[PDB]
Amino acid sequence: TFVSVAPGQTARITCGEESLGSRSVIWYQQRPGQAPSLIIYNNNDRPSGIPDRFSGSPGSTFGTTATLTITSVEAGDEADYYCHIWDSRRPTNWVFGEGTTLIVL
Amino acid sequence: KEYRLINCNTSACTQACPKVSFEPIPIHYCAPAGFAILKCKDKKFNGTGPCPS
Amino acid sequence: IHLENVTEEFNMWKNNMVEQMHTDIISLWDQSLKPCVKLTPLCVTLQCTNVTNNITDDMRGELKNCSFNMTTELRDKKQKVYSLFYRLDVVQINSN
Amino acid sequence: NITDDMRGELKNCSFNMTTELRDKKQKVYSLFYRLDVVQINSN
Ligand SMILES: *[C@@H]1O[C@H](CO)[C@@H](O[C@@H]2O[C@H](CO)[C@@H](O[C@@H]3O[C@H](CO[C@H]4O[C@H](CO[C@H]5O[C@H](CO)[C@@H](O)[C@H](O)[C@@H]5O)[C@@H](O)[C@H](O[C@H]5O[C@H](CO)[C@@H](O)[C@H](O)[C@@H]5O)[C@@H]4O)[C@@H](O)[C@H](O[C@H]4O[C@H](CO)[C@@H](O)[C@H](O)[C@@H]4O[C@H]4O[C@H](CO)[C@@H](O)[C@H](O)[C@@H]4O[C@H]4O[C@H](CO)[C@@H](O)[C@H](O)[C@@H]4O)[C@@H]3O)[C@H](O)[C@H]2NC(C)=O)[C@H](O)[C@H]1NC(C)=O
Ligand SMILES: *[C@@H]1O[C@H](CO)[C@@H](O[C@@H]2O[C@H](CO)[C@@H](O[C@@H]3O[C@H](CO)[C@@H](O)[C@H](O[C@H]4O[C@H](CO)[C@@H](O)[C@H](O)[C@@H]4O)[C@@H]3O)[C@H](O)[C@H]2NC(C)=O)[C@H](O)[C@H]1NC(C)=O
Ligand SMILES: *[C@@H]1O[C@H](CO)[C@@H](O[C@@H]2O[C@H](CO)[C@@H](O[C@@H]3O[C@H](CO)[C@@H](O)[C@H](O[C@H]4O[C@H](CO)[C@@H](O)[C@H](O)[C@@H]4O)[C@@H]3O)[C@H](O)[C@H]2NC(C)=O)[C@H](O)[C@H]1NC(C)=O
Ligand SMILES: *[C@@H]1O[C@H](CO)[C@@H](O[C@@H]2O[C@H](CO)[C@@H](O)[C@H](O)[C@H]2NC(C)=O)[C@H](O)[C@H]1NC(C)=O
Ligand SMILES: *[C@@H]1O[C@H](CO)[C@@H](O[C@@H]2O[C@H](CO)[C@@H](O)[C@H](O)[C@H]2NC(C)=O)[C@H](O)[C@H]1NC(C)=O
Ligand SMILES: *[C@@H]1O[C@H](CO)[C@@H](O[C@@H]2O[C@H](CO)[C@@H](O)[C@H](O)[C@H]2NC(C)=O)[C@H](O)[C@H]1NC(C)=O
Ligand SMILES: *[C@@H]1O[C@H](CO)[C@@H](O[C@@H]2O[C@H](CO)[C@@H](O)[C@H](O)[C@H]2NC(C)=O)[C@H](O)[C@H]1NC(C)=O
Ligand SMILES: *[C@@H]1O[C@H](CO)[C@@H](O[C@@H]2O[C@H](CO)[C@@H](O)[C@H](O)[C@H]2NC(C)=O)[C@H](O)[C@H]1NC(C)=O
């Protein structure tokens, strides 16, 4: 899962199983050696501290993959990304999704 | 090399009774009472317009 | 046509032609089924599981996902096909 | 009590029959007369 995009361009990171019903995704990021950190807590909502351009796929779509849309990337966004889907048909995910890594030029 | 009938996916085919035949017999269509049937006896009649006989 | 100076005694309960409406609708309802399909090969052994859903043990899933043997268009070959039903149409016959 | 000179007028026949379910079939028996059944051609 290695995605590279020369900096200042756009970026689309997919993660997790395809959607079945209504979903509530959570995106986390992980710098190397650090603790994790929240970036997205809803389908398209972010808390304070993390800026914009980190868009999310809305959960109202049926039968799609959760994506993470980043524009104007940098060396700070170079991290390991993680998804946590909360489907209204699938059960509770006590483990996270698959580690999708971002690396920049 | 296995085949099938061509009508296997649209309908079950009613087999015709071999007792009954398909030869044509002359049917005469008769009008009920109160109605009449007019036949045009003109030779050069192309089937449209006024017939004289 | 609106009448004048006239009065009749009516009774909706011993009235006729409501019985005729009932019989006509029942027989006409029966007459719209003779061209349609009888489900003779369908009353069959149904292998049903729960619907794929976040199952709550206190409540019940109102959908059961049932796979079964069904005859194809050919009499020799038969297929395995699945569908979805409600609780109110299936019952458990008496593990598996 | 069978008499070899005469004949019993009842034959007790068991057979395969389809149930209400198309997959399962059952073994069920009944009684008939000689005048309704014939031998097809030991067993
Ligand atoms: C018979 O009657 C019964 C009842 O009498 C009817 O039953 C009702 O049926 C309707 C529809 O079936 C249900 O509506 C859903 O409601 C839920 C809950 O909505 C509430 O909460 C929302 C979020 O809460 C946040 O905001 C509020 C402030 O509003 C805040 O207090 C709270 O703490 C929290 O922070 C509110 O947004 C929402 O307000 C909305 O409605 C108001 C009504 O008038 C309106 O004034 C507001 O302006 C606002 O529009 C309400 O308070 C909703 O979640 C749900 O909508 C989501 O789900 C459907 C299906 O999946 C989807 O199509 C929608 O698009 C929507 O999904 C978006 O929102 C998610 C929220 O995070 C997001 O995660 C999704 O990804 C998706 O997000 C996308 O769009 C949004 C913009 O919408 C965008 O921001 C994102 O970036 C992304 O692009 C439905 O609205 C009722 O709950 C239900 N029951 C009752 C009691 O009413 C029944 O329908 C009747 N039947 C008939 C035949 O008449
Ligand atoms: C998929 O469905 C499952 C149900 O099988 C559901 O799991 C439940 O999640 C909730 C929260 O996510 C768990 O916690 C409950 O939360 C409510 C809200 O406050 C409390 O009131 C509950 O307390 C009651 O139940 C306790 C026993 O569980 C009692 O100790 C207590 O006194 C109250 O009576 C409770 O804390 C809930 O426990 C689970 N269910 C089970 C059986 O564990 C899950 O959330 C669903 N997933 C999705 C994505 O929808
Ligand atoms: C169940 O059915 C059997 C028949 O298979 C029956 O057995 C018969 O019982 C009788 C008496 O109980 C036997 O004896 C006969 O009795 C009569 C009456 O007197 C005689 O006339 C008979 O003589 C004739 O047959 C003889 C050969 O059996 C000849 O030698 C003689 O010249 C006569 O022709 C005869 O003695 C009878 O033999 C048996 N049958 C056989 C085949 O052995 C039995 O009683 C029945 N049981 C019940 C509870 O009903
Ligand atoms: C009902 O059960 C059937 C199985 O009989 C499911 O069909 C399978 O679904 C899985 C999940 O996508 C697939 O990997 C299989 O290939 C499917 N098999 C067939 C034959 O289709 C079906 O998804 C279930 N449906 C519901 C609504 O639960
Ligand atoms: C699948 O369906 C069966 C019923 O055929 C479920 O078994 C019981 O379901 C009720 C309510 O749905 C629960 O209260 C019982 O506790 C269940 N029995 C047992 C032994 O757990 C079953 O839970 C459903 N789900 C699975 C995964 O089998
Ligand atoms: C559909 O038909 C197949 C074939 O008869 C059934 O599979 C058999 O199931 C029995 C009981 O579980 C087994 O003893 C046999 O070994 C199976 N045979 C084969 C060829 O699989 C099956 O149960 C039927 N129903 C479904 C839902 O698949
Ligand atoms: C059972 O029925 C068979 C007939 O299918 C009997 O066989 C013959 O029956 C006649 C009259 O009933 C007798 O005259 C013959 O002698 C019988 N044949 C033999 C070889 O004995 C048969 O007797 C009946 N009873 C039993 C116990 O098999
Ligand atoms: C009812 O069905 C069973 C099952 O087919 C029949 O039993 C078979 O009989 C043949 C011929 O005697 C044997 O070769 C098989 O081994 C039998 N199979 C089983 C499972 O028993 C039976 O003949 C049918 N009829 C009756 C009256 O039982």
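Above this text is the structure in question.
Residues numbered from 1 in each chain as written, not as in the entry; some residues may be left out. Chains lettered and ligands numbered in written order. Part of a larger assembly, values for the part shown. Heavy atoms only, no water.

### Quick look at the overall build of chain C
Here comes step 1: If you tally the helices and strands in chain C, you get one helix and three strands.
Here comes step 2: Along chain C, helices and strands appear, N-terminal first, in the series α-β-β-β.
Here comes step 3: Considering only C-alpha atoms, chain C reaches an extent of 80 × 45 × 25 Å along its principal axes.
Here comes step 4: When burial is assessed residue by residue, chain C has 7% of its 96 residues classed as buried.
Here comes step 5: When the accessible surface of chain C is summed, it comes to about 9900 Å², and 56% of that surface belongs to carbon and sulfur atoms.
Here comes step 6: Averaging the locations of the 10 positively and 12 negatively charged side chains of chain C gives two centres separated by 19 Å. (Helix = DSSP H or I, 4+ residues; strand = E, 2+ residues; numbered from the N terminus. Buried < 20%, exposed > 50% of the residue type's maximum accessible area, 1.4 Å probe, protein only. Areas by Shrake-Rupley, 256 points an atom, 1.4 Å probe, with all protein chains shown as cover. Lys, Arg positive; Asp, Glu negative; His and termini not counted. Charge placed at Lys NZ, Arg CZ, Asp CG, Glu CD.)

### Some words on the site of ligand 8
Residues and elements named next belong to chain D.
Here comes step 1: Within the structure, ligand 8 sits among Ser14, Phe15, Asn16, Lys25 and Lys27.
Here comes step 2: Take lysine 27: an N or O atom from its side chain is 3.2 Å from an oxygen atom of ligand 8.
Here comes step 3: Relative to its unbound accessible area of 570 Å², ligand 8 is 27% covered by the protein chains.
Here comes step 4: Looking at the shell around ligand 8, the elements that each hand over two or more residues are β1 (10-18) and β2 (25-33).
Here comes step 5: For the shell around ligand 8, the leading source of residues is β1, giving three residues.
Here comes step 6: In terms of residue class, the shell around ligand 8 is built from one nonpolar, two polar and two charged. (Near = heavy atom within 4 Å. Polar contact = N/O pair within 3.5 Å; in protein donor to acceptor, adjacent residues only side chain to side chain. Nonpolar A, V, L, I, M, F, W, Y, C, P; charged D, E, K, R; others polar.)

### Some details on the packing of aromatic side chains
Residue and element names in this part refer to chain A.
Here comes step 1: Scanning the model with the defined rule gives one aromatic pair over all chains in all.
Here comes step 2: Residues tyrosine 28 and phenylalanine 96 carry aromatic rings whose centres are separated by 5.6 Å and whose planes lie at 65° to one another, so their mutual orientation is edge-to-face. Of the two residues, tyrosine 28 sits in strand β3 (residues 26-30) while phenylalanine 96 sits in the loop between β7 (80-84) and β8 (100-103), which places them 68 residues apart along the sequence.
Here comes step 3: Overall, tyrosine 28 belongs to the partly exposed group, its relative accessible area being 25%. (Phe/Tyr/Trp six-rings, centres within 6.5 Å; stacked < 30°, edge-to-face > 60°.)

### Quick notes on the arrangement of the chains
Here comes step 1: Looking across the three pairs of chains in contact, one finds the most contacts between chains C and D.
Here comes step 2: One finds no contact linking chain A with chain B; the least C-alpha distance across the pair is 33 Å.
Here comes step 3: One finds no contact linking chain B with chain D; the least C-alpha distance across the pair is 21 Å. (Contact = heavy atoms within 4.5 Å.)

### Describing the state of the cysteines
All names here are of chain A.
Here comes step 1: Inspection of the entire model under this criterion finds three disulfides over all chains.
Here comes step 2: Here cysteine 15 is linked by a disulfide to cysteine 83, with a sulfur-sulfur distance of 2.0 Å. Residues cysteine 15 and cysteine 83 are joined through a disulfide that is left-handed, its torsion about the S-S bond being -65°. Here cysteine 15, found in strand β2 (residues 10-15), pairs with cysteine 83, found in strand β7; they are 68 residues apart in sequence, far enough to count as distant. (Disulfide = S-S within 2.5 Å.)

### A look at a nonpolar patch on the surface
Residues and elements named next belong to chain D.
Here comes step 1: A cluster of nonpolar side chains, contributed by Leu10, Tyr29, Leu31, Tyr33 and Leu35, occupies part of the molecular surface with about 650 Å² of accessible area.
Here comes step 2: Broken down by element, the residue count for the nonpolar patch peaks at three residues, all from β2.
Here comes step 3: Residue placement: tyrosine 29 occurs in strand β2. (Patch = residues over 30% accessible without salt bridge, like charges linked within 9 Å, V, L, I, M, F, W, Y side chains within 5 Å. Salt bridge = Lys/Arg side-chain N within 4 Å of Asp/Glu carboxyl O.)

### Describing the site of ligand 1
All names here are of chain A.
Here comes step 1: Every residue close to ligand 1 is listed here: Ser22, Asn42, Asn43, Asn44, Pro58, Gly59 and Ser60.
Here comes step 2: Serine 22 is positioned with one of its side-chain polar atoms (N or O) 3.4 Å from an oxygen atom of ligand 1.
Here comes step 3: At a separation of 2.5 Å, an oxygen atom of ligand 1 approaches a polar side-chain atom of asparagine 43.
Here comes step 4: About the coverage of ligand 1: the protein hides 13% of its 1700 Å² of free accessible area.
Here comes step 5: Taken together, the residues of the shell around ligand 1 sort by class into one nonpolar, six polar and no charged.

### Quick notes on the interface of chain D and chain C
Here comes step 1: Listed as interface residues are four residues of chain D and, on the opposing side, six residues of chain C.
Here comes step 2: Together, the buried faces of chain D and chain C total about 440 Å²; carbon and sulfur atoms form 48% of this surface.
Here comes step 3: Summed over the three residues of chain D that lose the most area to chain C, namely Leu21, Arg22 and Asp23 of chain D, the buried surface amounts to 91% of that side.
Here comes step 4: Here chain D and chain C share zero salt bridges between them.
Here comes step 5: Across the chain D-chain C interface, the total number found is zero residue pairs in polar contact.
Here comes step 6: Of the residues that constitute the side of chain D that touches chain C, the class distribution is one nonpolar, no polar and three charged. (Buried area = accessible area lost by both parts, 1.4 Å probe.)

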